[PDB]
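Next comes entry.pdb, with PDB, C-alpha atoms.
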MODEL        1
ATOM      1  CA  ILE B   5       0.000   0.000   0.000
ATOM      2  CA  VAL B   6       1.459   3.289  -1.213
ATOM      3  CA  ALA B   7      -0.594   6.410  -0.716
ATOM      4  CA  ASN B   8      -0.014   9.704  -2.485
ATOM      5  CA  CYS B   9      -1.788  12.400  -0.436
ATOM      6  CA  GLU B  10      -2.274  15.973  -1.655
ATOM      7  CA  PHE B  11      -3.459  18.149   1.222
ATOM      8  CA  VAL B  12      -4.901  21.402  -0.112
ATOM      9  CA  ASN B  13      -5.238  24.576   1.983
ATOM     10  CA  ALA B  14      -7.957  27.276   1.658
ATOM     11  CA  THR B  15      -6.275  29.052  -1.236
ATOM     12  CA  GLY B  16      -5.410  25.878  -3.223
ATOM     13  CA  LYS B  17      -1.720  25.455  -2.394
ATOM     14  CA  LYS B  18      -1.027  21.702  -2.292
ATOM     15  CA  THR B  19       1.210  19.801   0.096
ATOM     16  CA  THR B  20       2.106  16.383  -1.245
ATOM     17  CA  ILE B  21       2.984  13.535   1.080
ATOM     18  CA  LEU B  22       3.989  10.090  -0.134
ATOM     19  CA  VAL B  23       3.243   7.580   2.621
ATOM     20  CA  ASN B  24       5.114   4.297   1.946
ATOM     21  CA  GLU B  25       8.255   3.616  -0.200
ATOM     22  CA  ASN B  26       7.994   0.907  -1.102
ATOM     23  CA  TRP B  27       7.827  -1.287   1.962
ATOM     24  CA  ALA B  28       6.160  -4.330   0.350
ATOM     25  CA  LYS B  29       5.692  -5.150   4.015
ATOM     26  CA  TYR B  30       2.052  -5.270   4.912
ATOM     27  CA  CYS B  31      -0.379  -3.179   7.088
ATOM     28  CA  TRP B  32       0.629   0.246   8.379
ATOM     29  CA  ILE B  33      -0.844   3.242  10.203
ATOM     30  CA  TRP B  34       0.064   6.801   9.332
ATOM     31  CA  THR B  35      -0.400   9.913  11.488
ATOM     32  CA  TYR B  36       0.030  13.506  10.275
ATOM     33  CA  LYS B  37      -0.141  16.622  12.427
ATOM     34  CA  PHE B  38      -1.232  19.548  10.229
ATOM     35  CA  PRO B  39       1.245  22.455  10.049
ATOM     36  CA  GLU B  40      -1.707  24.529   8.692
ATOM     37  CA  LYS B  41      -5.463  24.105   8.088
ATOM     38  CA  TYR B  42      -6.374  22.003   5.085
ATOM     39  CA  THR B  43      -9.762  21.866   3.407
ATOM     40  CA  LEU B  44      -9.346  19.026   0.940
ATOM     41  CA  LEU B  45      -7.456  15.748   0.701
ATOM     42  CA  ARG B  46      -6.793  14.406  -2.815
ATOM     43  CA  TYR B  47      -5.472  10.852  -2.663
ATOM     44  CA  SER B  48      -4.135   8.178  -4.977
ATOM     45  CA  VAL B  49      -3.757   4.781  -3.293
ATOM     46  CA  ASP B  50      -1.708   1.970  -4.830
ATOM     47  CA  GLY B  51      -2.939  -1.310  -3.343
ATOM     48  CA  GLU B  52      -4.981  -4.355  -4.373
ATOM     49  CA  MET B  53      -8.616  -4.949  -5.327
ATOM     50  CA  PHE B  54     -11.152  -5.057  -2.488
ATOM     51  CA  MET B  55      -8.760  -3.411   0.036
ATOM     52  CA  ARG B  56     -10.278  -0.997   2.532
ATOM     53  CA  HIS B  57      -8.502   1.902   4.227
ATOM     54  CA  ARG B  58      -9.664   4.210   6.984
ATOM     55  CA  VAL B  59      -8.995   7.956   6.911
ATOM     56  CA  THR B  60      -9.721   9.573  10.275
ATOM     57  CA  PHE B  61      -9.521  13.192  11.377
ATOM     58  CA  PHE B  62      -8.937  14.392  14.935
ATOM     59  CA  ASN B  63      -9.195  17.897  16.448
ATOM     60  CA  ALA B  64      -6.437  19.951  18.119
ATOM     61  CA  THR B  65      -6.906  18.082  21.409
ATOM     62  CA  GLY B  66      -6.482  14.804  19.491
ATOM     63  CA  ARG B  67     -10.139  13.820  19.695
ATOM     64  CA  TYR B  68     -12.066  11.959  16.975
ATOM     65  CA  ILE B  69     -14.071  14.131  14.547
ATOM     66  CA  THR B  70     -14.935  11.756  11.733
ATOM     67  CA  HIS B  71     -13.677   8.989   9.427
ATOM     68  CA  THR B  72     -14.214   7.706   5.893
ATOM     69  CA  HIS B  73     -13.445   4.264   4.442
ATOM     70  CA  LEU B  74     -11.712   4.014   1.101
ATOM     71  CA  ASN B  75     -12.966   0.895  -0.730
ATOM     72  CA  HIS B  76     -10.912  -0.392  -3.699
ATOM     73  CA  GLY B  77     -13.616  -2.530  -5.344
ATOM     74  CA  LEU B  78     -12.211  -3.697  -8.696
ATOM     75  CA  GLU B  79      -9.546  -0.927  -8.772
ATOM     76  CA  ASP B  80      -6.026  -1.644  -7.536
ATOM     77  CA  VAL B  81      -5.243   2.081  -7.692
ATOM     78  CA  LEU B  82      -7.947   4.100  -5.931
ATOM     79  CA  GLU B  83      -8.176   7.828  -6.543
ATOM     80  CA  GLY B  84     -10.498  10.454  -5.206
ATOM     81  CA  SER B  85     -10.821  13.288  -2.794
ATOM     82  CA  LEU B  86     -12.127  13.934   0.689
ATOM     83  CA  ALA B  87     -13.269  17.044   2.511
ATOM     84  CA  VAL B  88     -11.131  17.919   5.549
ATOM     85  CA  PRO B  89     -13.263  19.011   8.579
ATOM     86  CA  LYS B  90     -13.003  22.651   9.795
ATOM     87  CA  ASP B  91     -11.587  21.493  13.167
ATOM     88  CA  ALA B  92      -9.187  18.872  11.803
ATOM     89  CA  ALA B  93      -5.663  19.210  13.209
ATOM     90  CA  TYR B  94      -4.523  15.614  12.432
ATOM     91  CA  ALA B  95      -5.071  12.929   9.846
ATOM     92  CA  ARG B  96      -4.533   9.204  10.194
ATOM     93  CA  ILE B  97      -4.712   6.454   7.601
ATOM     94  CA  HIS B  98      -5.198   2.828   8.622
ATOM     95  CA  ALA B  99      -4.061   0.988   5.471
ATOM     96  CA  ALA B 100      -5.788  -2.324   4.637
ATOM     97  CA  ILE B 101      -8.074  -2.029   7.663
ATOM     98  CA  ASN B 102      -9.856  -4.982   5.996
ATOM     99  CA  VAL B 103      -6.974  -7.023   7.439
ATOM    100  CA  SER B 104      -5.766  -5.153  10.574
ATOM    101  CA  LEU B 105      -9.201  -4.567  12.145
ATOM    102  CA  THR B 106      -9.703  -8.282  12.755
ATOM    103  CA  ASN B 107      -5.938  -9.046  12.961
ATOM    104  CA  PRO B 108      -4.433  -6.049  14.717
ATOM    105  CA  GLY B 109      -1.306  -8.172  15.197
ATOM    106  CA  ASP B 110      -0.656  -7.848  11.423
ATOM    107  CA  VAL B 111       0.206  -4.113  11.774
ATOM    108  CA  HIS B 112       3.979  -3.727  12.158
ATOM    109  CA  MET B 113       4.597  -0.135  11.071
ATOM    110  CA  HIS B 114       3.429   3.291  12.234
ATOM    111  CA  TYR B 115       4.533   6.251  10.133
ATOM    112  CA  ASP B 116       4.635   9.500  12.063
ATOM    113  CA  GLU B 117       4.891  12.183   9.443
ATOM    114  CA  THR B 118       7.522  14.434  11.044
ATOM    115  CA  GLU B 119       8.803  12.263  13.942
ATOM    116  CA  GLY B 120       9.710   9.182  11.843
ATOM    117  CA  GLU B 121       8.735   5.548  11.365
ATOM    118  CA  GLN B 122       8.036   3.369  14.401
ATOM    119  CA  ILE B 123       8.244  -0.418  14.271
ATOM    120  CA  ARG B 124       5.652  -1.801  16.645
ATOM    121  CA  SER B 125       2.822  -4.248  17.071
ATOM    122  CA  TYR B 126      -0.643  -3.498  18.445
ATOM    123  CA  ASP B 127      -2.927  -5.623  20.553
ATOM    124  CA  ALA B 128      -6.710  -5.256  20.205
ATOM    125  CA  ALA B 129      -6.788  -2.441  22.826
ATOM    126  CA  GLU B 130      -3.836  -0.443  21.452
ATOM    127  CA  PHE B 131      -5.289  -0.801  17.956
ATOM    128  CA  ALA B 132      -8.774   0.324  19.029
ATOM    129  CA  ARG B 133      -7.253   3.387  20.693
ATOM    130  CA  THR B 134      -5.801   4.523  17.325
ATOM    131  CA  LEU B 135      -9.346   4.595  15.848
ATOM    132  CA  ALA B 136     -10.623   6.983  18.529
ATOM    133  CA  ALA B 137      -7.753   9.320  19.556
TER     134      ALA B 137
ENDMDL
END

Is it possible to express this structure as structure tokens?
Amino acid sequence: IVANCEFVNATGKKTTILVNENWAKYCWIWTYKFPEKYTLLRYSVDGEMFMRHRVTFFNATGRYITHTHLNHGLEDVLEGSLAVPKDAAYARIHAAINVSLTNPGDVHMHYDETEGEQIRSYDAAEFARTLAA
């Protein structure tokens, strides 16, 4: 799973972030603290058919605002865009949540956008926490 994320601010300046290169390793979670307010996320996700990803936004206190699932269907490369909530201060992607939600032990990588990659596993409780905060 390789995600190309274009975060767009209010005046249309785009910030591109490329999540995974090209760690043919499996499930990951990605967290991004916004350096500025964004209004739109344009994504292109390189994966496999029938994969599902979760994109979650949290406010400045780190609390859940909302999430969307990205469903691949017959497409291995899934493209589209998502509105970013007014109060969003963070984004998170759970990649292939179709796997990790039932097997949270299959997640071995957390990408923190400006504080580096962390190699770790998650039990059911640690995984659930990442969905909510």

Answer as a PDB file with C-alpha atoms, in the frame of the given file, residues within 12 Å of (-12.0, 22.7, 11.0) using only C-alpha atoms:
ATOM      1  CA  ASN B  13      -5.238  24.576   1.983  1.00  0.00           C
ATOM      2  CA  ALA B  14      -7.957  27.276   1.658  1.00  0.00           C
ATOM      3  CA  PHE B  38      -1.232  19.548  10.229  1.00  0.00           C
ATOM      4  CA  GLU B  40      -1.707  24.529   8.692  1.00  0.00           C
ATOM      5  CA  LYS B  41      -5.463  24.105   8.088  1.00  0.00           C
ATOM      6  CA  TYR B  42      -6.374  22.003   5.085  1.00  0.00           C
ATOM      7  CA  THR B  43      -9.762  21.866   3.407  1.00  0.00           C
ATOM      8  CA  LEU B  44      -9.346  19.026   0.940  1.00  0.00           C
ATOM      9  CA  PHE B  61      -9.521  13.192  11.377  1.00  0.00           C
ATOM     10  CA  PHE B  62      -8.937  14.392  14.935  1.00  0.00           C
ATOM     11  CA  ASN B  63      -9.195  17.897  16.448  1.00  0.00           C
ATOM     12  CA  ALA B  64      -6.437  19.951  18.119  1.00  0.00           C
ATOM     13  CA  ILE B  69     -14.071  14.131  14.547  1.00  0.00           C
ATOM     14  CA  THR B  70     -14.935  11.756  11.733  1.00  0.00           C
ATOM     15  CA  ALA B  87     -13.269  17.044   2.511  1.00  0.00           C
ATOM     16  CA  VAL B  88     -11.131  17.919   5.549  1.00  0.00           C
ATOM     17  CA  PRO B  89     -13.263  19.011   8.579  1.00  0.00           C
ATOM     18  CA  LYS B  90     -13.003  22.651   9.795  1.00  0.00           C
ATOM     19  CA  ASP B  91     -11.587  21.493  13.167  1.00  0.00           C
ATOM     20  CA  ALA B  92      -9.187  18.872  11.803  1.00  0.00           C
ATOM     21  CA  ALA B  93      -5.663  19.210  13.209  1.00  0.00           C
ATOM     22  CA  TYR B  94      -4.523  15.614  12.432  1.00  0.00           C
TER      23      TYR B  94
END

Give as a CSV table (one decimal) with C-alpha atoms, in the frame of the given file each residue that has an atom at most 8 Å from (-10.4, -4.2, -4.4) in the file, counting all atoms listed in the file.
chain,number,residue,atom,x,y,z
B,52,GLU,CA,-5.0,-4.4,-4.4
B,53,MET,CA,-8.6,-4.9,-5.3
B,54,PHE,CA,-11.2,-5.1,-2.5
B,55,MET,CA,-8.8,-3.4,0.0
B,56,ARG,CA,-10.3,-1.0,2.5
B,75,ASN,CA,-13.0,0.9,-0.7
B,76,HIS,CA,-10.9,-0.4,-3.7
B,77,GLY,CA,-13.6,-2.5,-5.3
B,78,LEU,CA,-12.2,-3.7,-8.7
B,79,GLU,CA,-9.5,-0.9,-8.8
B,80,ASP,CA,-6.0,-1.6,-7.5

Closest atom pairs, residues of segment 15-89 of chain B within 12 Å of segment 99-103 of chain B, all atoms listed in the file, as a tab-separated table:
residue	atom	partner	partner_atom	distance
B:23	CA	B:99	CA	10.2
B:24	CA	B:99	CA	10.4
B:29	CA	B:99	CA	11.6
B:30	CA	B:100	CA	8.4
B:31	CA	B:99	CA	5.8
B:32	CA	B:99	CA	5.6
B:33	CA	B:99	CA	6.1
B:34	CA	B:99	CA	8.1
B:35	CA	B:99	CA	11.4
B:49	CA	B:99	CA	9.6
B:50	CA	B:99	CA	10.6
B:51	CA	B:100	CA	8.5
B:52	CA	B:100	CA	9.3
B:53	CA	B:100	CA	10.7
B:54	CA	B:102	CA	8.6
B:55	CA	B:100	CA	5.6
B:56	CA	B:100	CA	5.1
B:57	CA	B:99	CA	4.7
B:58	CA	B:101	CA	6.5
B:59	CA	B:99	CA	8.7
B:60	CA	B:99	CA	11.3
B:72	CA	B:101	CA	11.6
B:73	CA	B:101	CA	8.9
B:74	CA	B:99	CA	9.3
B:75	CA	B:102	CA	9.5
B:76	CA	B:100	CA	10.0

Store the residues picked out above in a file with C-alpha atoms, as a short mmCIF file (atom, residue, chain, number, x, y, z; two decimals), keeping the file's coordinate frame.
data_model
loop_
_atom_site.label_atom_id
_atom_site.label_comp_id
_atom_site.auth_asym_id
_atom_site.auth_seq_id
_atom_site.Cartn_x
_atom_site.Cartn_y
_atom_site.Cartn_z
CA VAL B 23 3.24 7.58 2.62
CA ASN B 24 5.11 4.30 1.95
CA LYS B 29 5.69 -5.15 4.01
CA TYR B 30 2.05 -5.27 4.91
CA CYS B 31 -0.38 -3.18 7.09
CA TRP B 32 0.63 0.25 8.38
CA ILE B 33 -0.84 3.24 10.20
CA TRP B 34 0.06 6.80 9.33
CA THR B 35 -0.40 9.91 11.49
CA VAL B 49 -3.76 4.78 -3.29
CA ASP B 50 -1.71 1.97 -4.83
CA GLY B 51 -2.94 -1.31 -3.34
CA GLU B 52 -4.98 -4.36 -4.37
CA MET B 53 -8.62 -4.95 -5.33
CA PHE B 54 -11.15 -5.06 -2.49
CA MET B 55 -8.76 -3.41 0.04
CA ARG B 56 -10.28 -1.00 2.53
CA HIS B 57 -8.50 1.90 4.23
CA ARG B 58 -9.66 4.21 6.98
CA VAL B 59 -8.99 7.96 6.91
CA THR B 60 -9.72 9.57 10.28
CA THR B 72 -14.21 7.71 5.89
CA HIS B 73 -13.44 4.26 4.44
CA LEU B 74 -11.71 4.01 1.10
CA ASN B 75 -12.97 0.90 -0.73
CA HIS B 76 -10.91 -0.39 -3.70
#

Smallest atom-to-atom distance to residue 85 of chain B: which of B:39, B:46, B:6, B:105, using all atoms listed in the file?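 Ranked by minimum distance to residue 85 of chain B, first place goes to B:46.
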
Select, from B:120, B:109, B:66, B:84, the residue with the minimum atom-to-atom distance to residue 47 of chain B, counting all atoms listed in the file.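 Checking each of B:120, B:109, B:66, B:84 against residue 47 of chain B, counting all atoms listed in the file, the winner is B:84.
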
Please indicate the distance in Å from atom CA of residue 22 of chain B to atom CA of residue 8 of chain B, rounded to one decimal place.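 Separation between atom CA of residue 22 of chain B and atom CA of residue 8 of chain B: 4.7 Å.
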